[PDB]
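**Student:** First the structure, then my questions, so here it is.
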Amino acid sequence: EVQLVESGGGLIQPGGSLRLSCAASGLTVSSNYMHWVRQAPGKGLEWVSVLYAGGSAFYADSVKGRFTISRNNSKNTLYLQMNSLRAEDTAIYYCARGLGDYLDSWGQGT
Amino acid sequence: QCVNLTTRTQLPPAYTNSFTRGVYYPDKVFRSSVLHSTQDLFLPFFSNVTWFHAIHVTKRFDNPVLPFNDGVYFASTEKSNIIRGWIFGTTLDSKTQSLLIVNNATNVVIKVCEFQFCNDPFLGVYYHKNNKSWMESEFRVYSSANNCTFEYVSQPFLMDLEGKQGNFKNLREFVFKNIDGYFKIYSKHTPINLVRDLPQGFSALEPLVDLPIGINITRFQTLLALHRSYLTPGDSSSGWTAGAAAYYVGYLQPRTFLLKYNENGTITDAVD
Amino acid sequence: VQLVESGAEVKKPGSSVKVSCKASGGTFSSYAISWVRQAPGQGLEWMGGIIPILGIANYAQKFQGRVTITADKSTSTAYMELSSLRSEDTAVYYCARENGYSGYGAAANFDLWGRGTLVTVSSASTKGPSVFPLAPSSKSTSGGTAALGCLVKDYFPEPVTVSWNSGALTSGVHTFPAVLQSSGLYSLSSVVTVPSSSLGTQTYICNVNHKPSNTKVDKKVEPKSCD
Amino acid sequence: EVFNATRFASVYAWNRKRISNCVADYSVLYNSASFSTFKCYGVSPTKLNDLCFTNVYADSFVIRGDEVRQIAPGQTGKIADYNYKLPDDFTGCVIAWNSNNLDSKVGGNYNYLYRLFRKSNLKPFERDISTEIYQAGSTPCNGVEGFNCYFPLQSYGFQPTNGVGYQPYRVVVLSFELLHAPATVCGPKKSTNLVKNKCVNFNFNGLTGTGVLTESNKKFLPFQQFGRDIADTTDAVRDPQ
Amino acid sequence: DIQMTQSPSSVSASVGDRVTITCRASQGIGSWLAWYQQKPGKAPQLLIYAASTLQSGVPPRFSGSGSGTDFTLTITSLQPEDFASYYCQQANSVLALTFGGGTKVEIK
Amino acid sequence: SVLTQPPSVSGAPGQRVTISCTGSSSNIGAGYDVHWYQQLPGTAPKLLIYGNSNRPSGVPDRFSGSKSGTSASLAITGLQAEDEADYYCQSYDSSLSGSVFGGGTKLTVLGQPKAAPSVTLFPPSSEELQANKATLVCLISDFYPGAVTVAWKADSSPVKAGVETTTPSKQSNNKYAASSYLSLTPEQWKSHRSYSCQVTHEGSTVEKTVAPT
Ligand SMILES: *[C@@H]1O[C@H](CO)[C@@H](O)[C@H](O)[C@H]1NC(C)=O
Ligand SMILES: *[C@@H]1O[C@H](CO)[C@@H](O)[C@H](O)[C@H]1NC(C)=O
Ligand SMILES: *[C@@H]1O[C@H](CO)[C@@H](O)[C@H](O)[C@H]1NC(C)=O
Ligand SMILES: *[C@@H]1O[C@H](CO)[C@@H](O)[C@H](O)[C@H]1NC(C)=O
Ligand SMILES: *[C@@H]1O[C@H](CO)[C@@H](O)[C@H](O)[C@H]1NC(C)=O
Ligand SMILES: *[C@@H]1O[C@H](CO)[C@@H](O)[C@H](O)[C@H]1NC(C)=O
Ligand SMILES: *[C@@H]1O[C@H](CO)[C@@H](O)[C@H](O)[C@H]1NC(C)=O
C-alpha cells in the first residue's frame with residue numbers, strides 16, 4: 001500500500017541548478033527516515049544522503065557538499081536542491097523510505 | 001503529637017543576682033600572660049537575672065516563650081538531668097527554619113526543620129514495673145516536617161534518667177549567640193555543691209557547637225521533663241513529678257570586657 | 001481493560017511457585033509489563049519487568065539469577081517463574097502496567113494493577129480436620145440468652161466458610177480468624193446468640209466444607225447434662 | 001558505584017546520580033590508563049582541581065564505539081537527537097572506555113535498547129521513556145503491530161565478533177552546574193610537606209607569613225587555631241595534621 | 001571506512017540448484033544485513049532484512065544465515081521469475097548505507 | 001530500604017494532613033519525579049498521582065501533591081472514611097537500576113465507643129479428653145483492640161507456654177471480637193484445681209474462674 005512518485009529528471013548542464021521532486025501517497029515526510037540512493041548505469045547501488053524525522057540530514061564523503069534537503073509538509077512532497085554538478089552525477093535514483101539499519105519500500109526512477 | 005494542659009496554682013518567677021558569670025571565649029586565638037580587651041556581647045557583672053523554678057515539692061511548670069535578643073545566658077544547676085534541650089523559632093507555625101536541641105540518652109540530635117511547635121512540648125519518662133530504672137517513652141516534640149537540608153549529629157553523650165530531690169552536684173552553662181548567621185554554643189561542666197546563691201568563682205566557657213544556619217529566632221523556649229512513677233496516675237493533666245531543677249535565663253549586652261590570660265592559656269578573671 | 005491472575009496457591013519450602021497474569025478485554029499493546037510484590041507489615045518490592053513486544057526482561061539488583069520472567073505475544077499473558085522458595089517469601093504479587101511519558105522526570109508510573117495472587121509456604125502437609133461441639137454451662141446461662149458454637153482444630157488452610165443450618169441463620173453469626181502457633185497449626189472460633197427457650201426444641205449443627213480436602217462432616221451439638 | 005557497576009543502564013533510560021557533601025579529585029581518574037575519550041572543552045584538567053561548581057551529576061548509558069563522538073553538542077544522529085541532547089553551553093565532557101569483557105555473551109546481547117523514531121527534537125538534558133506505538137501513516141494506530149506501526153525502541157546487537165567501532169563502550173558523562181548557591185562539592189586542595197628550621201612562607205588557613213618553624217614547649221587548648229602575643233602579632237599556629 | 005565486497009559476480013544454475021551467493025565485510029557486523037532484488041528496468045525490492053527475518057510479501061523460498069562476517073542467500077528452489085541482481089546493504093550509526101556489488105544469475 | 005517514610009499519621013475529618021516522603025539523592029534528589037499509590041486493606045493498590053502535577057480520571061480533586069528539593073509533599077482537602085489506606089511513594093533509583101517504593105505510612109481516622117471488657121471462659125468438654133490434647137478458649141467481646149494482652153494463671157504460677165493473642169475481626173455493629181487459645185495435656189488437666197483467664201484493659205481487669213470438678 002506504499003507508492004512513491006519521482007520526477008524532475010532530465011537533461012541539464014553541469015553548471016546549472018535543478019530541483020528534484022519526490023512524493024508519497026500514503027506516507028508523510030516528517031515522521032520517518034528517507035534514503036537518497038543513486039545507482040550508476042551499469043554499476044551497483046550507492047548511498048548519497050539520508051534525512052531523519054527531525055531537522056537533521058547527513059551526506060556521504062564524496063557528496064558532503066553541494067547538497068541541500070528541504071522537506072515540505074504542505075504538499076506531502078520532498079525537495080532536493082543541487083547547486084553544482086559533476087560528470088559522475090549521471091545516475092538513476094529511487095526516492096524511498098525505511099526504518100533504522102534497513103529500508104524496504106522503494107520508488108520509481110527518472 | 002501534642003496535648004494541652006489544665007490550669008493550676010503556679011509560683012511566680014523571682015529575681016536573683018549573678019556573680020562573675022557569663023564569660024566565654026570571644027575568639028579562637030591563643031593568648032598567654034596578656035590582658036586583652038574585646039568588644040562583644042557578654043553578661044554584665046552583678047546584674048539582675050530571672051529565676052525559674054522547676055522543683056515539684058507545688059507543681060511548678062513555667063516555660064514561657066521568652067524573646068531571644070543578641071545573645072542569652074542559660075545557666076542550670078543540673079543534678080539529675082531534668083532540663084534536656086531547647087527549641088528555637090521565630091513564628092512557630094511551620095513557616096520559618098526552626099532549631100531544635102535534644103540531648104537524648106544515646107546521641108545529641110541537632111536538626112533544623114519546620115517541626116511545628118505546640119503550646120507546651122515536653123519529654124515524658126515512664127517508670128517500668130518489671131525494670132527498676134527510668135526509660136523515656138513519651139516522644140512529644142513535633143508532629144511532622146516537610147523539608148530541610150540541614151542535619152547535624154554531635155558527639156554521643158551518656159545521660160542519667162534517674163531523678164531525685166536531693167542537693168545539686170553540678171553546674172551547667174549554655175550561651176546562645178547569632179552573628180552573621182552563624183550559631184555559637186558555649187558550654188562547660190563545673191562541679192559545685194549548692195542550691196542557690198552561686199559562688200563568686202570564675203569559669204570560662206569554650207565553644208562547642210557551631211552551625212551555619214540562616215535563622216532569625218526572635219524567641220526561644222526551654223524544655224522541662226517530668227517523671228511518670230507509680231505515685232502519679234499516669235496522665236499529664238494535673239499530677240507530675242519534675243524532680244529538682246533550677247535554671248536562669250540571662251541577657252547578653254554589648255559591654256567591653258577585659259580578659260586575663262595565664263601562662264597555660266585559659267581565662268582566669270574578667271573586668272567590665 | 002482489566003487484568004486477571006491465578007488463584008491461591010500453597011507449596012513446600014523449597015519448591016518452585018508458578019503464577020501467571022492474563023489480560024481481559026484486550027492485549028498489553030506496546031506498554032511494558034512489570035511485577036510488584038507486597039508483604040504484610042513491609043513495603044512493596046520491585047523484582048523485574050518484561051517487554052512483551054520484544055521479549056526481553058530487566059531484573060533488579062536485589063534479586064539474583066533465580067527468577068526468569070517471559071511474555072507471550074500470541075496469548076497476551078504474563079509468565080512468571082520463581083525458584084528456591086523460602087519461608088520469608090510469604091508475600092502476594094500483582095502485575096503492574098507502566099505508562100511512561102516524555103519530560104524531565106521520566107519516572108515509570110504503574111497505571112493498571114492486577115487482582116493479586118495469594119502465595120504462601122507451609123512445610124506441613126494436608127491432614128483431616130477435627131470438629132468437637134461446645135455447649136454452655138448452667139452458670140454461664142445467667143439470663144435468658146445462651147452462647148454456643150463449634151470449634152475447628154488441626155485444619156489447613158485458614159479460610160473456611162462456616163455456615164449455621166446451611167445458611168438459614170444470619171443474626172448473631174460471627175467469624176473469627178486463625179492465629180499462628182508453635183507448630184504452625186491454625187484454629188478459628190464461632191459463637192452465636194440464641195434464646196434459652198429454643199434450646200429444648202431446636203438442634204444447632206455446624207456444616208464445615210473443605211474444598212481442597214474433598215471432605216464435609218456433619219456434627220450435632222447437645223447441652224450438657226451435669227450442668 | 002557508578003563506574004564499577006554490576007549492571008549498566010540503557011541508552012534511553014540512562015540513570016542519573018547526584019553527588020554532593022564531599023570533595024572530588026580527578027588525578028586518580030586521569031592516571032587509570034584505561035580511558036580512550038577525555039576530550040573536554042570549556043574547562044581544563046589542570047584547572048579542574050582549582051575551581052568548582054554547586055553540584056556534579058553523573059549519567060550512565062552504554063553505547064557502541066561509533067556513537068561516543070555523537071555525545072558532543074554539535075552532533076546529529078539517532079543518539080544525538082533522539083536519545084541524549086547536550087546544550088551548547090554545557091560544562092564538562094564525556095568519559096568512555098572499552099567494555100569488551102562485559103556486556104556481551106556467546107549469543108547476541110539484546111538486553112540494551114535505544115530510541116529510533118521520534119516526531120520532534122528532544123530538549124537538552126531530557127530523558128524520554130515512551131512505550132507508545134509509533135505511527136507514520138495518516139490512519140491512527142490503536143497499539144497494533146501492523147503496517148506503518150513499529151516499536152520506537154530498537155535492539156542492539158552486541159556480538160563479540162563486531163569491530164572496534166561497533167564494540168559496546170561503557171559511557172559515563174559528568175555534568176557540571178554552577179549556580180549562585182554556595183558550593184557543596186569541590187576539589188581537595190594540595191598538602192605540601194612542612195619544612196621546619198628554614199625561612200619559608202606558609203598558608204595556614206588565616207595568614208601568609210614568612211619565617212622559620214621551631215618546636216615549642218607550650219601546648220594549646222583543643223579548640224584554638226591561632227595565637228597572639230603582647231604586641232598582637234601571630235607567632236603560634238597549630239598544624240592540623 | 002567500510003567496503004562491501006561480494007565474491008560471486010556471475011553464477012549460472014539450473015532450476016534445481018542453490019545459487020549460494022555470499023557477501024563479505026571488512027568489519028564484523030552482527031545480523032544487520034539486508035538483501036535486495038533489482039530487476040532490469042524495475043525498482044529494487046527488499047527480500048530479507050537483519051539476515052534472519054523474512055518479509056511478508058517475499059516468498060519463503062529465500063533464506064539467510066550469518067553471525068558476524070560470513071553471510072549467505074542460499075535458495076532451495078530457483079525460479080525463472082526472479083532472475084536479477086542482489087546487493088548486501090549494511091548501515092552505520094549515522095544511517096550511512098553501504099551497498100556492495102551486484103551478482104547476476106543467468107540460465108545455463 | 002533507601003526510602004524513609006513516617007510509620008503512622010493522625011488527623012481529623014476537616015483538617016489538612018501533609019505526608020512527606022524523603023529519600024536519598026540518587027533517587028529522590030535526582031531528576032526523577034515521584035508517584036503515589038493507595039492500597040486499601042483488602043483491595044489491590046491503585047494509581048493516584050503521576051508527574052507531581054497531573055491527575056487521572058476518577059481521582060478526586062482533593063488529592064494534590066508538591067515536590068520541593070529532596071522531598072515530596074502532599075496536600076489533602078479533608079479526610080473521609082474511605083481514606084484509611086496505606087500510602088507509598090515510588091521513584092526510579094539510579095544505583096538500584098529499578099523502581100523502589102517508600103516505607104509506607106498508616107492514616108487511621110476512626111472512633112468507637114469502647115466499654116468495659118466482657119470476657120467468657122468455656123471449659124473443655126468430656127469428649128476432648130480422649131484426643132490426647134487440651135485446649136482452653138478465652139473469648140472476649142465488646143472490647144477495643146487496644147490493651148489486648150491476655151494472661152493465664154493456675155492460682156499458683158503463671159503459664160508462659162502456649163499463650164498467644166489474635167487479631168480481632170470487625171463485627172457488623174462497629175465492634176471487634178477475638179479469642180485466645182492455650183494448649184495443654186489431659187494428664188495435667190486434672191492436676192490443677194482451677195483455671196482462669198486474665199485480660200487487662202485501660203486499668204480495668206475482670207477475673208473469671210471455672211471449676212473442672
Ligand atoms: C532586682 O530584682 C529585685 C527583685 O527580686 C529588686 O528588688 C531589685 O531592685 C532589682 N535590682 C535592679 C538593679 O533592678
Ligand atoms: C532521642 O531523640 C532524638 C530526637 O529527639 C531521636 O532522633 C532519637 O532516635 C532518640 N533516641 C532514642 C534511643 O529513642
Ligand atoms: C530577621 O529580622 C530582621 C529584622 O526584623 C530582618 O531585617 C531580616 O530580614 C530577618 N531575616 C530573616 C531571614 O527573616
Ligand atoms: C598549664 O600548663 C603549665 C605548663 O605545663 C602547667 O604548669 C599548669 O599547671 C597548667 N595549668 C593548669 C590549670 O593545669
Ligand atoms: C574498578 O575496577 C577495576 C578493575 O576491576 C579496578 O582496577 C579499579 O581499582 C576499580 N576502581 C576504580 C575507581 O576504578
Ligand atoms: C589526616 O589523614 C591521615 C591519613 O593518612 C591521618 O593519618 C591523620 O591522622 C589525619 N589527621 C587528622 C585526623 O587530624
Ligand atoms: C519546603 O516546603 C515549603 C512548603 O511547605 C516551601 O515553602 C519551601 O520553599 C520548601 N523549601 C525548599 C528548600 O524548597
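Chain lettering (A, B, ...) mirrors the order of the C-alpha cells, residue numbering begins at 1 for each chain separately, and ligand numbering begins at 1 in order of display.
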May I have the residues within 7 Å of residue C:10 as JSON, numbers by chain, using only C-alpha atoms and disregarding those fewer than 3 positions away in the same chain?

**Tutor:** {"C": [119, 120, 121]}

**Student:** List the spatial neighbours of residue C:45 as a PyMOL selection string - criterion: any atom at most 8 Å away, only C-alpha atoms, same-chain residues fewer than 3 positions off excluded.

**Tutor:** (chain C and resi 36-38) or (chain F and resi 100-101)

**Student:** Taking only C-alpha atoms into account, which residues of chain F are within 12 Å of chain D, as a short mmCIF file (atom, residue, chain, number, x, y, z; two decimals) with N, CA, C and O atoms, in the first residue's frame?

**Tutor:**
```cif
data_model
loop_
_atom_site.label_atom_id
_atom_site.label_comp_id
_atom_site.auth_asym_id
_atom_site.auth_seq_id
_atom_site.Cartn_x
_atom_site.Cartn_y
_atom_site.Cartn_z
N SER F 24 17.05 9.23 49.39
CA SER F 24 18.43 9.58 49.06
C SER F 24 18.47 10.48 47.82
O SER F 24 17.49 10.62 47.08
N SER F 25 19.63 11.09 47.60
CA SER F 25 19.81 11.98 46.46
C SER F 25 19.91 11.22 45.14
O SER F 25 19.75 11.83 44.08
N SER F 26 20.18 9.92 45.19
CA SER F 26 20.28 9.14 43.96
C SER F 26 18.93 8.96 43.28
O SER F 26 18.85 8.93 42.05
N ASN F 27 17.86 8.83 44.07
CA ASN F 27 16.52 8.62 43.54
C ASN F 27 15.60 9.82 43.73
O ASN F 27 15.02 10.32 42.76
N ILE F 28 15.46 10.30 44.97
CA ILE F 28 14.56 11.42 45.23
C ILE F 28 15.21 12.74 44.83
O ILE F 28 14.60 13.58 44.16
N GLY F 29 16.48 12.94 45.21
CA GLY F 29 17.17 14.18 44.91
C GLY F 29 17.61 14.35 43.47
O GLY F 29 18.05 15.44 43.10
N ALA F 30 17.50 13.30 42.66
CA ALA F 30 17.86 13.38 41.25
C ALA F 30 16.69 13.96 40.46
O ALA F 30 15.72 14.49 41.01
N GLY F 31 16.76 13.87 39.13
CA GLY F 31 15.73 14.44 38.27
C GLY F 31 14.45 13.64 38.18
O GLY F 31 13.49 14.12 37.57
N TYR F 32 14.41 12.45 38.77
CA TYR F 32 13.20 11.64 38.73
C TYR F 32 12.12 12.25 39.61
O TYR F 32 12.40 12.81 40.68
N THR F 70 14.65 17.86 48.08
CA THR F 70 14.90 16.42 48.23
C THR F 70 13.76 15.76 49.01
O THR F 70 13.98 14.86 49.83
N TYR F 92 12.33 6.25 40.66
CA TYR F 92 13.38 5.50 39.98
C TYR F 92 14.70 5.68 40.71
O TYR F 92 15.10 6.81 41.02
N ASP F 93 15.39 4.57 40.98
CA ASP F 93 16.66 4.58 41.68
C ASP F 93 17.78 4.31 40.69
O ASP F 93 17.74 3.32 39.95
N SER F 94 18.79 5.20 40.68
CA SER F 94 19.90 5.03 39.75
C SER F 94 20.84 3.92 40.19
O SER F 94 21.29 3.12 39.36
N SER F 95 21.14 3.85 41.49
CA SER F 95 22.04 2.81 41.98
C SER F 95 21.40 1.43 41.91
O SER F 95 22.04 0.46 41.52
N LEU F 96 20.12 1.34 42.28
CA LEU F 96 19.40 0.07 42.20
C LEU F 96 19.07 -0.31 40.76
O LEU F 96 18.92 -1.51 40.47
N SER F 97 19.00 0.67 39.86
CA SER F 97 18.58 0.48 38.46
C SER F 97 17.20 -0.16 38.39
O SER F 97 16.95 -1.07 37.59
N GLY F 98 16.29 0.32 39.24
CA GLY F 98 14.93 -0.18 39.26
C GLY F 98 14.08 0.67 40.18
O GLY F 98 14.59 1.51 40.93
N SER F 99 12.77 0.43 40.11
CA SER F 99 11.83 1.18 40.93
C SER F 99 11.93 0.74 42.38
O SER F 99 12.14 -0.44 42.68
#
```

**Student:** I want to know what sits within 7 Å of residue E:28, based on only C-alpha atoms, with residues of the same chain fewer than 2 positions away left out; could you give that as a list in words?

**Tutor:** residues 161, 162 and 163 of chain D; 25, 26, 30, 68 and 69 of chain E

**Student:** Can you pull out every residue within 9 Å of residue A:17, counting only C-alpha atoms, but drop anything in the same chain fewer than 2 positions away, and send it as a PyMOL selection string?

**Tutor:** chain A and resi 12-15+19+81-85

**Student:** Mind writing the picked residues with C-alpha atoms as a short mmCIF file (atom, residue, chain, number, x, y, z; two decimals), in the first residue's frame?

**Tutor:**
```cif
data_model
loop_
_atom_site.label_atom_id
_atom_site.label_comp_id
_atom_site.auth_asym_id
_atom_site.auth_seq_id
_atom_site.Cartn_x
_atom_site.Cartn_y
_atom_site.Cartn_z
CA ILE A 12 20.76 19.75 -17.82
CA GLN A 13 24.20 21.34 -17.96
CA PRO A 14 26.75 20.51 -15.23
CA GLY A 15 26.97 24.22 -14.42
CA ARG A 19 15.10 20.84 -8.24
CA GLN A 81 18.43 21.09 -4.49
CA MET A 82 21.67 20.75 -6.48
CA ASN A 83 23.68 23.94 -6.95
CA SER A 84 26.53 22.32 -8.91
CA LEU A 85 27.03 19.08 -10.84
#
```

**Student:** Can you tell me which residues sit at most 10 Å away from ligand 3, counting only C-alpha atoms and all ligand atoms, written as a ChimeraX atom specification?

**Tutor:** /B:90,96-97,181,213-218

**Student:** Give the strand (DSSP E or B) residues of chain F, as DSSP finds them on the backbone, and put them as a PyMOL selection string.

**Tutor:** chain F and resi 3-4+8-9+20-23+35-39+41+43+46-50+54+63-68+71-76+86-93+98-100+105-107+118-122+134-143+150-153+158+169-170+176-184+195-201+204-210

**Student:** Within 8 Å of ligand 7, counting only C-alpha atoms and all ligand atoms, which protein or nucleic acid residues do you find, written as a PyMOL selection string?

**Tutor:** (chain B and resi 94-95+146-149) or (chain F and resi 67-69+73)

**Student:** Kindly work out which residues sit at most 12 Å from ligand 2, using only C-alpha atoms and all ligand atoms, and give the list as a PyMOL selection string.

**Tutor:** chain B and resi 84-87+100-112+115+121-125+135-143+151-154+156-159+223

**Student:** Pick out the residues sitting within 8 Å of stretch 55-64 of chain A, and hand them over as number ranges by chain; count only C-alpha atoms, and ignore anything fewer than 6 positions along from it in its own chain.

**Tutor:** A: 47-49; D: 76-77, 121; E: 94, 96

**Student:** Fewer than 2 positions away in the same chain doesn't count, so skip those; otherwise give me all residues within 10 Å of residue D:93, counting only C-alpha atoms, as a count of residues only.

**Tutor:** 17

**Student:** Residue B:93: which residues within 12 Å, counting only C-alpha atoms, same-chain residues fewer than 4 positions away excluded, as a ChimeraX atom specification?

**Tutor:** /B:89,97-98,113-119,142-145

**Student:** Create the file for the chosen residues now, containing C-alpha atoms and written as an mmCIF file, in the first residue's frame.

**Tutor:**
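Listing of selection_18.cif after writing:
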```cif
data_model
loop_
_atom_site.group_PDB
_atom_site.id
_atom_site.type_symbol
_atom_site.label_atom_id
_atom_site.label_comp_id
_atom_site.auth_asym_id
_atom_site.auth_seq_id
_atom_site.Cartn_x
_atom_site.Cartn_y
_atom_site.Cartn_z
ATOM 1 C CA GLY B 89 11.936 29.648 66.361
ATOM 2 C CA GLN B 97 13.507 27.492 59.835
ATOM 3 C CA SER B 98 13.206 26.329 63.445
ATOM 4 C CA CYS B 113 13.439 21.900 60.032
ATOM 5 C CA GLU B 114 9.960 23.425 60.316
ATOM 6 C CA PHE B 115 8.966 20.952 63.022
ATOM 7 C CA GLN B 116 5.898 22.957 64.221
ATOM 8 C CA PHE B 117 5.547 23.788 67.925
ATOM 9 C CA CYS B 118 2.652 23.145 70.293
ATOM 10 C CA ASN B 119 1.801 25.178 73.385
ATOM 11 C CA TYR B 142 6.917 17.677 66.945
ATOM 12 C CA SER B 143 4.204 16.331 64.657
ATOM 13 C CA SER B 144 5.689 16.309 61.143
ATOM 14 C CA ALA B 145 8.163 18.089 58.882
#
```
